[PDB]
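We begin with a single chain expressed as structure tokens, specifically the form deposited in one PDB entry.
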């Protein structure tokens, strides 16, 4: 039995190897709430603690705001819910104790938390794989394999699709753990020797460098940030063999193509192409350095420390070779990327009149060449599009025409992104599936210095997914209480998120997105009109809304992860998404095979179209979110949280400020908040008696009636009866009660 043999590798790499004072976690600087020091408690009141700081000073904290340290027996628990003092620095502390012993996987209730070790740990060998084949969560130690295996067994046993919601930015090990999930499924889903899903495993993983190049960018927070969300399906036939894979992509931050904030970058692919292309490629596409393109030079950043964009281009090209893109398709792909940049170098100049003119036509001709369109047709389609009056030319002014040029750049880039996913799906999905195990990968919760419409949609997606988690926790907790016949009554945890979701997207009262859709069609609405309408509806009316005293262009939303303030500039223009038909007819006529598909395929083109009208981005956004949540509610969900230990790519250096910030955003701390309100610590009686038979007189270590023996210990210790409940198999304890009993045990054996 490797699981029970303590000489085994399983116990060496996945299990834990092992004073009287009381300490408390505290913040030396209260403004830095995630940086903690340990302090000794010295005095005690009815309402407070007094503790010594590391420098020897004395401090008072009210007992209701104190983050007590857990007794050492709690150090290394496989589930955070096993901690008695369940608070933020105590949870981080448990993570540190396990990280320094190379235990990178820890449960937090339903969550599997995975911290990137920045070093190879030998826990993914085939012997390891064998350990987890067929095992349930509580039979083995925390491991990504355990989540994969539980999901696989339930898929066949319940004949139900499964979802795996996973969070983590570049550097947290999310890509690695997703690859581990795929390879574990592939290992057990096939025959032990003759499984034949080797090519598909290669193509799924090689799909990632491609969408990373076109969909990831450098933000102020991360060098490789996913500006789109995706759902990856591991598909199975009815017998449980891997049958294929699919990728579903959600809205992309196409506004990033035309605009980047200071010190940020456009999507990687532009810098890869300009840096990695051959001399004959550059001339053919009329390329220059990033400095020479307005779409790449407005930010002051064109390179990433320690990232070679030419080397990255060869990796992306190689990836495209592998997933099936032909040389003709790859060259058309970069013609489009090259064309987009050329489009952005067009300078529309103010003519002597209302309409705009184009003095220099160099950029227009360079774009028409690589796109395969007629420069004159494009020129008029941009500056003099035709509308209807039972077709009427309409001369446009400068920014009216620059904005339509931008709209073409966004539509071109966005449709190209959808086409890449469709092409990758072509080699990944060649069989109708029976079941799927789906990996959800959305842009994580975001707080920039200036947060705009995109951030409200991103954080709203996380807000609804955190509620999805909270409701699932609720039903599993109810199941646990009645199976134990614990008389405790809690309301649905999902409803704590409901105020914030109603504020963003409710129907009556109308939420922010509905008020935005309304203002977008009101003739003379501005952004000032929009935010005023927002304040009128919500300031001092929705409890999660805030009208700031300081600024007149910002509104605040209180998410599960904290408060975020959104600047309202350009929300109406961002919500409106037109493309003039003259532009679309001009590119339907193109001589390039890939470009034509972008405007002729009713799936790539005609995306969220509405009978000769384009719907709003908020409308497009709600459509995708509602369909995702519908798919998700049919599945059995599992949750994985990937964490960056630090920002220095360093092994064995876990930093509280870095880690804690992520656990707030990814929902783990929200789950902690709910767990600590109830009865987290649940002990089988015989175990409680065995540990604490010596705190009460005349209690045998192995009592026949442990229920009675536990009541003896609790009564003798004068434990507050409000702090525990008696189950049929276990005793339920409130936060802190088990720690005090543990302390009492320490002192008594201290004295011995």
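Basically, rigid core = biggest C-alpha set you can superpose within 1.5 Å across the two forms. Numbering follows the first chain given and starts at 1.
The same protein also has a form deposited in another entry, omitted here; what follows describes it.
S.K.: Where does the C-alpha shift reach 2 Å or more between the shown form and the other one among 429, 652, 608, 447, given a fit on the rigid core?
M.R.: Residue with a C-alpha shift of 2 Å or more: 608.
S.K.: With both forms fitted on the core, give yes or no for whether the Cα of residue 351 moves by 2 angstroms or more between the shown form and the other one.
M.R.: For residue 351, whose C-alpha is compared between the shown form and the other one after core superposition, the shift is 2 Å or more.
S.K.: On a core-based superposition, does residue 591 travel 2 Å or more at its Cα between the shown form and the other one?
M.R.: No, because once the rigid core is superposed, the C-alpha of residue 591 moves less than 2 Å between the shown form and the other one.
S.K.: Honestly, after the rigid core fit, is residue 243 moving at least 2 Å at Cα between the shown form and the other one?
M.R.: Superposed on the core, residue 243 moves its C-alpha less than 2 Å between the shown form and the other one.
S.K.: Given a CA distance change of at least 3 Å, are residue 133 and residue 195 closer or farther in that other deposited form?
M.R.: It is farther: in that other deposited form, the C-alpha atoms of residue 133 and residue 195 lie at least 3 Å more apart than they do here.
S.K.: Between residue 192 and residue 201, do the C-alpha atoms lie closer or farther in that other deposited form than in the shown form, with a difference of 3 angstroms or more?
M.R.: It is closer: in that other deposited form, the C-alpha atoms of residue 192 and residue 201 lie at least 3 Å nearer than they do here.
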